[PDB]
Structure formats: structure tokens, C-alpha cells
Amino acid sequence: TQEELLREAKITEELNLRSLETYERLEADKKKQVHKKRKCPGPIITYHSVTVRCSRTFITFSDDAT
Amino acid sequence: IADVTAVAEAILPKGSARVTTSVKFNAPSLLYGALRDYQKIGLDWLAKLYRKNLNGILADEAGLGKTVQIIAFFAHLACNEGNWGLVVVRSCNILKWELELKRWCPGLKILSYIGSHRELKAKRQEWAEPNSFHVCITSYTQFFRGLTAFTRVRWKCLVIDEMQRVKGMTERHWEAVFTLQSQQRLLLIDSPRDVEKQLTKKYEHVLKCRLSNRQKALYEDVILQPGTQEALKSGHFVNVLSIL
Ligand SMILES: Nc1ncnc2c1ncn2[C@@H]1O[C@H](COP(=O)(O)OP(=O)(O)OP(O)(O)=S)[C@@H](O)[C@H]1O
């Protein structure tokens, strides 16, 4: 029953680990930090300055209307 | 019957054997956390005790992590011996028991004996059905209520914990436990510093904080209060305790 065992044991893995809270888990996985979900701000204008030795700025418009 | 205890003691992890071996254990697919060498030795002793069809008491000192020892024994039993599926608990520690089961051995199905009368009947129905669960966790109150109803299902192993601090436990309940159809039984006792060379370090500090000038002024004000001098010398406990 080792094949059946592998099957429902992996299912049990998914079920049980989904109960824990990203802590309490011995294999403390790294760098979750759940970032923001952004969630709407309608149409937006993004100002993005990056290092490329050099610095560049990209202005993104969400839609063609703006 | 004493031969069982003699054999268990012969293999028991005494102090020297509690640390002096290098059994190159591999992690059963269920288990995840790394035990101590001494907890690994306890795991090996439990596995041998079950393998030789023996019932034994956990003679380890109190506070050394019996939960993980039982969890790792369960993992090794299920993997090596293939007995893929009971624990008796008192109170909230039912939650801790299942939490540690899910933590160290998340691959085992868990059955919880908490619910309403309708929910408890449904839990019973699911508990009699095949391949429904692997580990059953129950409260001592439920066990006493279902002293005989628990007799219906047969078990690979059974664990008793916290009984020593449970009111109402009686020799008749022990007789029922023996009547329970667990091919092997385990008993946890806190009174059967220990094994500290591999336990957590627990570094403790105290640092001296010089009183601020304001604090010193207030301190000497409260001391010099003539009422406080009178109370200090008189020894009146309530007054001196107020000053303190
Ligand atoms: N370095 C370690 N030192 C002590 N315990 C550890 C260590 N690594 C893992 N553990 C175990 O990790 C588990 C986490 O603690 P808990 O399980 O919540 O407490 P507990 O040991 O179950 O309390 P008991 O057994 O009912 S007295 C314990 O089983 C510990 O023995």
C-alpha cells in the first residue's frame, strides 16, 4: 500500500500544513513577508527611477485615456 | 508478566545509553524536525519496544519533550512497520497534542473528538469507517463518558498523558484502558535537570541601572518621610509593604 500511502500522505501534507500559520513549522521557510496587494488605485501614473552605473526614470500610464 | 518490564528496562535509554550511540536513523517521510541524539535514542527504544510487543513507561525526566518522542515513534512505526493507524488528553492540551502531531508529522490524518451530540455521533460514524483517520485524539471526559463505546475500534497503539493530574481517574478506568484494543500501550509519567548538554542554552542576564537624579530625589524623599521612618522601624508589615 506504499503507493496509496504516498498518495494520501501527500494529500495529508497539503491539508495539515495549510493549517499552520507560516510559523510553528519546523522547516521555517524563508522570507514570506506577504507584501501589499495594491488593490485598485484606479488608473495610475507610475514614476520609476532605477539604477542601470547610471540612473533612469520610466513613467508608466495605466491606460490610454490618461 | 514482569518479563515485559525486564526486557523494556534492558533496552531502556539509561544515562550512558541515553547519549552514547550513533544510530544512523533516516527520517520517516512523515517526520520533519531533527530530534536530539537522546530523543533519537528514545525513538529507537520505543520502536524496539513496540516491535517486541511490549508495554513500557517513559522514564525520561519531566520537560524533555515527550510529545516529540511519541510523534517520532509514531512516524517510525507507520513507516517501517506499516501500521498506518489513539491519544487520551485532559483539556486544552488536546489542541497542543494535535498541533504537535501536525507540526512534526503533518502526514498523518487526525481525528478530533470535540463536537456536539449530533457532531459526536457523526464523529463516531466516521471513526468506525475504513481509512477514515490515522491518529485519534480524545478528552478524558469523553473517554469516561464513552468508557465502553471506545471498545468497538481496534488500535495499533495507544497513549495516555496528563492522567496523573486528572480528577476522577480510577482503577476501573485503567481496566477499561487495558480492555481497549490497542496492541501496544504507552504511559507518560513526569516523575518516573537532565540531558542538559543538548537542551536549549537559556542564557540569563541582569544589568544594573543607575537611578536618574529625579529618581534618586523621589527615592530619598519617600525614605526621609518621617512617617516612612516610623513605619520602617516599627515593622508594621502593611506599612513597610506600602513603602516598598
Ligand atoms: N533544541 C530543543 N530543545 C528542546 N526541545 C526541542 C528542541 N528542538 C525541538 N524540541 C521539541 O519541540 C517541541 C516544541 O515544544 P512543545 O511540543 O510545544 O512542548 P512539549 O515538549 O510538547 O511539552 P510536553 O512534552 O507536553 S512537557 C517539544 O516537543 C520539544 O521537545
Side-chain angles (χ1 to χ4, degrees), chain A residues 13 16-17 19-30, chain B residues 12-13 15 18-23 25-47 49 56-79 86-108 110 112-114 134-141 143 157-167 169 185-204:
Chain A
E13 217 47 7
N16 309 13
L17 284 320
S19 79
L20 301 214
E21 276 255 55
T22 88
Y23 68 102
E24 324 156 295
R25 92 169 67 271
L26 304 330
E27 174 66 0
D29 51 320
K30 23 62 70 164
Chain B
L12 189 70
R18 178 169 291 279
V19 202
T20 320
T21 174
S22 65
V23 190
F25 264 88
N26 67 281
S29 62
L30 293 168
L31 191 62
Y32 279 74
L35 294 172
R36 257 73 91 211
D37 74 349
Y38 85 86
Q39 292 184 330
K40 283 180 196 181
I41 290 154
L43 163 49
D44 186 51
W45 170 81
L46 287 162
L49 178 95
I57 282 161
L58 194 63
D60 300 24
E61 187 164 301
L64 290 59
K66 302 54 64 193
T67 289
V68 77
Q69 305 223 60
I70 285 73
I71 296 160
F73 156 67
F74 226 94
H76 178 283
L77 163 154
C79 188
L86 177 60
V87 189
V88 200
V89 196
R90 176 186 177 187
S91 293
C92 57
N93 45 352
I94 80 174
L95 260 304
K96 99 167 172 103
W97 262 136
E98 77 162 68
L99 197 160
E100 288 292 359
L101 268 309
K102 290 169 171 174
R103 193 168 166 216
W104 292 79
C105 288
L108 296 159
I110 309 301
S112 303
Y113 224 89
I114 302 298
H134 289 214
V135 185
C136 158
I137 303 171
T138 193
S139 175
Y140 278 105
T141 60
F143 169 47
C157 192
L158 187 152
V159 179
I160 312 92
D161 175 35
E162 184 61 1
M163 39 48 74
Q164 54 266 98
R165 308 195 308 171
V166 168
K167 293 184 176 182
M169 191 63 182
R185 296 177 186 81
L186 291 172
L187 175 53
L188 280 56
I189 299 179
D190 297 338
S191 176
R193 182 236 59 74
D194 203 1
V195 84
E196 61 60 19
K197 309 55 73 173
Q198 56 293 54
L199 255 69
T200 53
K201 78 191 187 183
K202 164 62 100 82
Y203 284 6
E204 184 168 291

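Both ligands and their constituent atoms are indexed starting at 1 by order of listing. Residue numbers begin at 1 in each chain, while the letters A, B, ... track the order of the sequences. Side chains included, hydrogens not; waters and symmetry mates left out as well; all remaining heavy atoms used.
A salt bridge is defined here as a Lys NZ or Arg NE, NH1 or NH2 lying under 4.0 Å from an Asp or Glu carboxylate O, and B:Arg18 with B:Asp60 meets this definition.
A 6.0 Å sphere centred on CD of B:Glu196 holds more than 12 heavy atoms belonging to other residues, nucleotides or ligands.
The nearest protein atom to atom 1 (N) of ligand 1, hydrogens excluded, is given as B:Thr200 CG2, 4.0 Å; this is a heavy-atom distance. Remark: minimum distance from atom 27 (S) of ligand 1 to any protein heavy atom is reached at B:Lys66 NZ, 2.7 Å. Nearest protein heavy-atom neighbour of atom 11 (C) of ligand 1: B:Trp104 CZ2, 3.5 Å. Of all protein heavy atoms, the one closest to atom 28 (C) of ligand 1 is B:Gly65 CA, 4.3 Å.
Not a single donor-acceptor pair under 3.5 Å links the side chain of B:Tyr32 to the backbone N or O of B:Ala27. Listed for the B:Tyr38 side chain is a donor-acceptor partner under 3.5 Å among the backbone atoms of B:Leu64.
For the pair B:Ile70 and B:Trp104, the minimum side-chain heavy-atom distance is 4.5 Å or more. By the 4.5 Å heavy-atom criterion applied to side chains, B:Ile71 and B:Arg103 are not counted as neighbours.
Close approach of ligand 1 to B:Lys96 (heavy-atom distance below 4.0 Å) involves ligand atoms 22 (O), 23 (O), 24 (P), 26 (O). Of all atoms in ligand 1, listed by their number and element, those nearer than 4.0 Å to a heavy atom of B:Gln39 are 31 (O).
Taking each of B:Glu162, B:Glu100, B:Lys201 in turn, the one with a heavy atom nearest to atom 17 (O) of ligand 1 proves to be B:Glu100. Closest heavy-atom approach to atom 22 (O) of ligand 1 within the set B:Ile70, B:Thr67, B:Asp60: this belongs to B:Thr67.
None of B:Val19, B:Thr21, B:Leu35 except one satisfies the side-chain contact (heavy atoms from CB on, under 4.5 Å) rule with B:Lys40; the exception is B:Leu35.
At under 3.5 Å, a nitrogen or oxygen of B:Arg36, whether backbone or side chain, sits near a nitrogen or oxygen of ligand 1.
At least one heavy atom of B:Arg103 sits less than 4.0 Å from an atom of ligand 1.
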